[PDB]
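Next up: a single chain in structure tokens, the form deposited in one PDB entry.
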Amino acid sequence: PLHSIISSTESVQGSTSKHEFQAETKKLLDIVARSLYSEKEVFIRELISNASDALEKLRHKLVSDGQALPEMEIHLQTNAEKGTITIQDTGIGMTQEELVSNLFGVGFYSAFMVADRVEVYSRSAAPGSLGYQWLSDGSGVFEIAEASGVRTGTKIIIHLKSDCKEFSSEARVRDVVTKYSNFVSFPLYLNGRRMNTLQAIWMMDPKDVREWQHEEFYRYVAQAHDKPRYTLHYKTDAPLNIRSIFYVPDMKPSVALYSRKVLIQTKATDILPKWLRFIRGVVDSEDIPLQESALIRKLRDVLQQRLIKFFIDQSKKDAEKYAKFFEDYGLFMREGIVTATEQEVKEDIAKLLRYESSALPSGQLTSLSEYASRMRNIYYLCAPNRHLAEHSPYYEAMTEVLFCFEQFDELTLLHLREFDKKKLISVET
């Protein structure tokens, strides 16, 4: 199973030319290495992502021009003795100008957070392209030389800081890799061993997903053995860039925050209203950078609205299955209603609520709007059982009414004092 492509074939025959970019870039650079990211291990993530993006560029072009595909792999090698960590990719390399002009690569710089000396070799995938070597110690001055024996792609060799040698250990690197890069879009190896094994299905055309795939991914993100009770595959580009999958568990009573097929936070509870905390799955957007009160709240609402409609349409696609779901999760809806501030938010959430009707036969649950059809005001009755609710003289004088058999349901109706073109009033007035 041993497989590695990283070895020291490159070399520079001549001398290098020294460069020092402008003071501002120097500041932005010291900023990236000191205060940009809150975690240091994430450098393994950023570089990996950059490699993946480069490989697609090659594949997309080799296909757009109809040529055979080479080995599109991503390799990471640790050296504890030399205290080094290397990452190489076959993805279409960088030109000489690029290696000088750039500064995308905003994430490549993250390495200086852990490295005191960075060493790079690149060879643009275009034929007849030359390989070049890029050196730097983080002081704002880099060297460029023409290198030989450079394979098409990019190779990065990091000489860790005296205190960051922990990464040079394989086990540590694999922990980080499996933490962030478990869904990378290209084969990834670490000292020879393939690490990733998961497909980020949340990027596929929803019409091209299979049920067993959703079950596997649900059991991963949720870490359960039951199957999904409900599944929502949401892609959006008009409000914001969203690619997510939401699962309602089969068993009765969090969501991951990915981006560019790489994970930022595993418990992105902010992305969904607190009353929807029972949802599992993933949400992936290109709009996110250990604190979150950001404007991404708009996302938190786009999802809140989208999920509501999803739960409404489901009620109209299967009433008994949704009835079981509501009997199992209505606690959250009533909570989110009692907690909502704008009455519009409450009424939106309340559209999921279902009750038994005086005109409907016992055992039938209806939404507020559905009852609204037969109508100038809504009227309910909080009684223990259907027999008691029908026998009720308060009801005996009748036109159509709804029945509550639990105290929290009555309190819920009393919280949202009104609904749409209606007013919620107790028959026991």
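Throughout, rigid core stands for the largest set of C-alpha atoms superposing within 1.5 Å between the two forms. All residue numbers are counted from 1 along the displayed sequence.
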Requested in this report: Tell whether, across the other compared PDB entries, at least a third have no coordinates for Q291.
Outcome: yes
Query raised in the report: Is it true that at least a third of the other compared entries have no coordinates for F104?
Result: yes
Requested in this report: Pick one of none, 1 to 3, 4 to 9 or 10 or more for the number of deposited-sequence residues not modelled between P127 and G128.
Outcome: none
Requested in this report: Check the entry and tell me how many residues of the deposited sequence have no coordinates between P187 and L188: none, 1 to 3, 4 to 9, or 10 or more.
Outcome: none
Query raised in the report: On average, are the C-alpha B-factors higher in 420-428 or in 2-10?
Result: 420-428
**Report entry** Entry-level comparison of average CA B-factors, 160-168 and 187-195, reporting the higher stretch
**Finding:** 160-168
Query raised in the report: Looking at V42, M375, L55, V32, which has the highest CA B-factor as recorded?
Result: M375
Report summary line: Reading the B-factor column for Cα atoms of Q314, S181, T86, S122, the highest value belongs to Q314
Query raised in the report: Considering only modelled residues of the same chain, in which third does the CA B-factor of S17 rank: lowest, middle or highest?
Result: middle
Report task. Classify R219 as lowest, middle or highest third according to the C-alpha B-factor given in the PDB entry, relative to its own chain. Result -> lowest
Query raised in the report: Taking the C-alpha B-factors as the PDB entry records them, is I245 in the lowest, middle or highest third of its chain?
Result: lowest
Query raised in the report: Compared with the other modelled residues in the chain, in which third is the CA B-factor of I296?
Result: highest
Report summary line: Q67: CA temperature factor from the record, placed by chain third, in the highest
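Just so it is clear, the following notes concern the form deposited in another entry, a form of the same protein that is not shown.
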Query raised in the report: Can a Cα shift of no less than 2 Å be assigned to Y109 between this form and the one not shown, given superposition on the rigid core?
Result: yes
Query raised in the report: If we fit on the core, is the Cα of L307 displaced 2 Å or more between this form and the one not shown?
Result: no
Query raised in the report: Core-aligned, does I296 move its Cα 2 Å or more between this form and the one not shown?
Result: yes
